[PDB]
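Structural overview
So you can see what is in the structure, the chains are spelled out below.
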Number of protein chains: 2
Amino acid sequence: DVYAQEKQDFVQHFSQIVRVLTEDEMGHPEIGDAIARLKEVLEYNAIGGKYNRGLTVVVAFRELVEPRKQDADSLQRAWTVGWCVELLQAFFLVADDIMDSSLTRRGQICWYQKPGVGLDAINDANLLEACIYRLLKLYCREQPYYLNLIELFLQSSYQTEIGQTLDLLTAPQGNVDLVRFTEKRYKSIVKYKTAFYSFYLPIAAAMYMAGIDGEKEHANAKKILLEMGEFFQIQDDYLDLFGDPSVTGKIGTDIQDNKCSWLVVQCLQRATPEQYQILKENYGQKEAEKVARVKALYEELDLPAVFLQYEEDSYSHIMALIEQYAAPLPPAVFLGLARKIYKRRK
Amino acid sequence: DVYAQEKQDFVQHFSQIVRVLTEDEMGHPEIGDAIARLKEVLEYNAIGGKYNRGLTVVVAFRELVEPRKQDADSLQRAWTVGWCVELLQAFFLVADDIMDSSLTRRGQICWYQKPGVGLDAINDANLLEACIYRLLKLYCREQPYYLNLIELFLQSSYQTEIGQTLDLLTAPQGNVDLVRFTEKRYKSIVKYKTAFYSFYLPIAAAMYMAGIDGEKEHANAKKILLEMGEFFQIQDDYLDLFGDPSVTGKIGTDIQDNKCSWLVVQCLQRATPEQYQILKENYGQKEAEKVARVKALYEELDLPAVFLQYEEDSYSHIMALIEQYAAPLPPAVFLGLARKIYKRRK
Ligand SMILES: CC(C)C1=CC2=CC(=O)[C@H]3C(C)(C)CCC[C@]3(C)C2=C(O)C1=O
Ligand SMILES: CC(C)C1=CC2=CC(=O)[C@H]3C(C)(C)CCC[C@]3(C)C2=C(O)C1=O
Ligand SMILES: O=P(O)(O)C(O)(Cn1ccnc1)P(=O)(O)O
Ligand SMILES: O=P(O)(O)C(O)(Cn1ccnc1)P(=O)(O)O
Ligand SMILES: [Mg+2]
Ligand SMILES: [Mg+2]
Ligand SMILES: [Mg+2]
Ligand SMILES: [Mg+2]
Ligand SMILES: [Mg+2]
Ligand SMILES: [Mg+2]
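Residues numbered from 1 in each chain as written, not as in the entry; some residues may be left out. Chains lettered and ligands numbered in written order. Heavy atoms only, no water.

**Looking at the site of ligand 2**
Residue and element names in this part refer to chain B.
- Around ligand 2, the surrounding shell holds 13 residues, and the nearest of these are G49, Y51, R53, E86 and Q89.
- Between ligand 2 and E86, the relevant distance is 3.4 Å, taken from an oxygen atom to a side-chain nitrogen or oxygen of the residue.
- Protein contacts shield 95% of the accessible area of ligand 2, which totals 470 Å² for the unbound molecule.
- Where the shell around ligand 2 is concerned, the elements lending two or more residues are α4 (52–64), α5 (72–99) and α9 (215–242).
- The class makeup of the residues in the shell around ligand 2 is two nonpolar, three polar and eight charged. (Near = heavy atom within 4 Å. Polar contact = N/O pair within 3.5 Å; in protein donor to acceptor, adjacent residues only side chain to side chain. Areas by Shrake-Rupley, 256 points an atom, 1.4 Å probe, with all protein chains shown as cover. Helix = DSSP H or I, 4+ residues; strand = E, 2+ residues; numbered from the N terminus. Nonpolar A, V, L, I, M, F, W, Y, C, P; charged D, E, K, R; others polar.)

Okay, here's the thing in structure tokens:
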């Protein structure tokens, strides 16, 4: 609703993002070809998703500043920082697609699987990360929140990299240990790898933009948002296997790449001993034969019904946390973001 | 001399760097394995080189602050920022070794070629980059230069990524165009990919640490240091082919990876037309047979004698630039860094 009306405005602002990033080194014409490559990197990897995270920055911002303080410049900043969050996303996704050996993202081939790119994508990603800070300096250099935003984006990146490290250490290629795949470990992975940057970051960004910068307001926002981000990742794990790749826009890899997916942890909690072994023999391997066997087992234990149950209970809990911890923020802030991830299928 | 006496102190401070980076998330014990991996990432990829860049921060700092203002805390900061520069280096090298398909660095196997790492190295690198800003916040958060340093490290990274993009666009795998490989293009590549982060960054860091933060002092320092960094990269290109991999610590790749090396640009300036074709047919290809042919041609045109000539003339020019542009800084700042790269063989 609030997200859906703002989408178009938000996407239209991308042209200016590109312009500003591609122009103020063109009285450096010697780098001209690099800057053309940047343009192309941005167009391929910032565009095509739902924009929930960047929209969250613009929406929350609208809802937390008095309209008499929403001058045009201030809006311009709000959706720039919006776009900075989308660039962080793009950054991590381009890298994650290489490290997960994935094939599609957003219903096209992964950047690194393009003829002519491959592992050059690595530097492409680092550039996307640099652009965040280019924009902040351009649009927010003279705001009193400038340094708060810089430190927030850096800390959210560190946290997601710590989470990525955990994600990959728990999933060595060619090493089935199923013993690694616990609830403690899962909860911990998803907190760091998804929950800070996809839920805390954008809302916290708009908080500092509206001058709301006390530790306790942030901590309380955080309690809500880390839990929403956990749920979001479990959805992601479910959709990796049971989703339509024409709706998700991406082909699943989690069983192949030996991942601590939510599904495998649930599986392990339910599995008879004979089931344990079918999973042991078939998991973390690239053979389609063997992946299909894992899925059939998951289906055998009604884990799609267990997902649909978990979704229901988690949503109630998130809502309790909003009742508890939203004040003095408008609940609409959290509710609107919850409604936009409830029962999502991309 | 000044570098050589400070090395030991500087290296000894690494233990504390690691300690500080591995401890203040251990009342977050859930990430404990990620933090162990960080430790290991740091030990493998920050240690084993010459430390010229980090030593440059400590040396310049000593030479620009009055001793009565070199309290123990201030030194501690100076070699922390020293180590931040070495981490930026580590960051780029781990990524560069993957994108250049290299085999050895610092006389051991490239991190990504370790059994158990490969392309996980990508996130390993991003973590090294995050640590820079972790340390800055730890040690320099309350200094008036804090934000100058943050912006300098970010801008130097953007610039080196722009340079990397140029480096790889000029060297597509399986596309010999020799026409791309000009002086304009080379000079431009090396400015961005090496010269900002290896020469400007460390000295500029110590300038802002000593309260010397005017545009014109920086611009003048920069004129000297961009030119030293150009020379340094040409050395690097020469050593890639004509150096001892037991002294350099790394096996060359530039002809294989189709690079705009200084040698190939020189070659092209000298080559008869029949020579042009031997180069055309043999360059940018992985066959040892064909690489040897390129080297023999370079040798045929006395390019090691042309290198040794260029080294001589460039050094005179750098020294002229110091005579011109050092003031009011002590010339020792520039001289000491020049002496430590003159006629280097690693
Ligand atoms: C960039 C913005 C549109 C945006 C795009 C998203 C695209 C994706 O492919 C989504 C998944 C693949 C389902 C992974 C989680 C959600 C993703 C990452 C997604 C965003 O969160 C997002 O803000
Ligand atoms: C980390 C610090 C010791 C340091 C190490 C270096 C190690 C290298 O391998 C050097 C080359 C491979 C010759 C590439 C240029 C110089 C290198 C990068 C180098 C440093 O500059 C450096 O500060
Ligand atoms: O499953 P992942 O964590 O790789 C993923 O959700 C991306 N991601 C990466 C870090 N946090 C989320 P995607 O499924 O989009 O590939
Ligand atoms: O030759 P490159 O630029 O790849 C190199 O010098 C590293 N580098 C990367 C950017 N600047 C310098 P190395 O020869 O160490 O591999
Ligand atoms: Mg992943
Ligand atoms: Mg993935
Ligand atoms: Mg997934
Ligand atoms: Mg390179
Ligand atoms: Mg290299
Ligand atoms: Mg080289």
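**Some remarks on the interface of chain A and chain B**
- Every contact between the two is made by 41 residues of chain A and, on the other side, 41 residues of chain B.
- Both sides of the chain A and chain B interface together cover about 4,100 Å² of buried area, and 62% of this is carbon and sulfur.
- Ranking the residues of chain A by area buried against chain B places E30, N123 and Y158 of chain A at the top, with a combined share of 15%.
- Our count for the contact surface shared by chain A and chain B stands at six salt bridges.
- A salt bridge links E151 of chain B to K137 of chain A, with the nearest nitrogen and oxygen atoms 3.0 Å apart.
- For the pair chain A and chain B, the interface holds 16 residue pairs in polar contact.
- Going through the elements one at a time, α3 (32–45), α5 (72–99), α6 (121–140), α7 (146–169) and α8 (183–209) of chain A are the ones with two or more residues in the side of chain A that touches chain B.
- Per element, the largest residue contribution to the side of chain A that touches chain B is 14 residues, and it comes from α7 of chain A. (Contact = heavy atoms within 4.5 Å. Buried area = accessible area lost by both parts, 1.4 Å probe. Salt bridge = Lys/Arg side-chain N within 4 Å of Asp/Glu carboxyl O.)

**What about the nonpolar core?**
- Judged by nonpolar contacts, the single largest core of 254 residues is most densely connected at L136, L279 and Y298 of chain A together with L136 and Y298 of chain B.
- Residues within four places of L136 of chain A in sequence aside, it is in contact with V81, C84, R141, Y146, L149, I150 and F153 of chain A. (Core = buried A, V, L, I, M, F, W, Y, C linked by side-chain atoms within 4.5 Å. Buried < 20%, exposed > 50% of the residue type's maximum accessible area, 1.4 Å probe, protein only.)

**Some details on the side chain of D97 of chain A**
Residue and element names in this part refer to chain A.
- As for its placement among the helices and strands, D97 is situated in helix α5.
- Using a relative accessible area of 5% as the deciding quantity, one classes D97 as buried.
- Among the polar contacts listed, one links the side chain of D97 to the side chain of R105, at a separation of 2.7 Å.
- Residues contacting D97, with those up to four places away along its chain left out, are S102, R105, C110 and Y112.

**Details of the UniProt feature "binding site: Mg(2+) 2" in chain A**
Residue and element names in this part refer to chain A.
- Feature annotation in UniProt places "binding site: Mg(2+) 2" on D96 and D100, given in this structure's numbering.
- Looking at where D96 falls in the secondary structure, it is placed in helix α5.
- On the accessibility criterion, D96 (15% relative accessible area) is buried.
- With residues near it in sequence (within four places) discarded, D96 still touches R105 and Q164.
- Of note, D100 is situated in the loop between α5 and β1 (104–105).
- Not counting the four nearest positions on each side in its chain, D100 is found in contact with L168, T253, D257 and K259. (UniProt positions renumbered as here; feature names shortened; annotations may be inferred.)

**Focus: the packing of aromatic side chains**
- Across all of its chains, the model carries 30 aromatic pairs over all chains by this definition.
- Aromatic side chains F14 of chain B and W83 of chain B sit 4.7 Å apart centroid to centroid with 50 degrees between the ring planes, which places their arrangement in the tilted category. Here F14 of chain B is found in helix α2 (residues 14–23), whereas its partner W83 of chain B is found in helix α5, with 69 residues between them in sequence. As far as the burial class goes, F14 of chain B and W83 of chain B line up, both buried.
- Relative to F232 of chain B, the ring of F199 of chain B has its centre 5.2 Å away and its plane inclined at 65 degrees; by these criteria the two rings are edge-to-face. Within this pair, whereas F199 of chain B is found in helix α8 (residues 183–209), its partner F232 of chain B is found in helix α9, the two being separated by 33 residues in sequence.
- Using a relative accessible area of 2% as the deciding quantity, one classes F199 of chain B as buried.
- The class for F232 of chain B is buried, based on a relative accessible area of 7%.
- Members of the aromatic cluster, each reached through a chain of ring pairs, are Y238, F242, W262, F307 and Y310 of chain A.
- A cation sits over an aromatic face here: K222 of chain B above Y200 of chain B, 4.3 Å from the ring centre. (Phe/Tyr/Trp six-rings, centres within 6.5 Å; stacked < 30°, edge-to-face > 60°. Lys NZ or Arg CZ within 6 Å of the ring centre and 35° of its normal.)

**A closer look at the relation of the copies chain A and chain B**
- The transform that puts chain A on chain B rotates by 180 degrees and translates by 0.0 Å along the axis, for an RMSD of 0.0 Å. Interpreted geometrically, this transformation is the action of a two-fold axis.
- Both copies share a contact surface, since 100% of the interface residues of chain A are interface residues in chain B too. (Least-squares fit on C-alpha atoms.)

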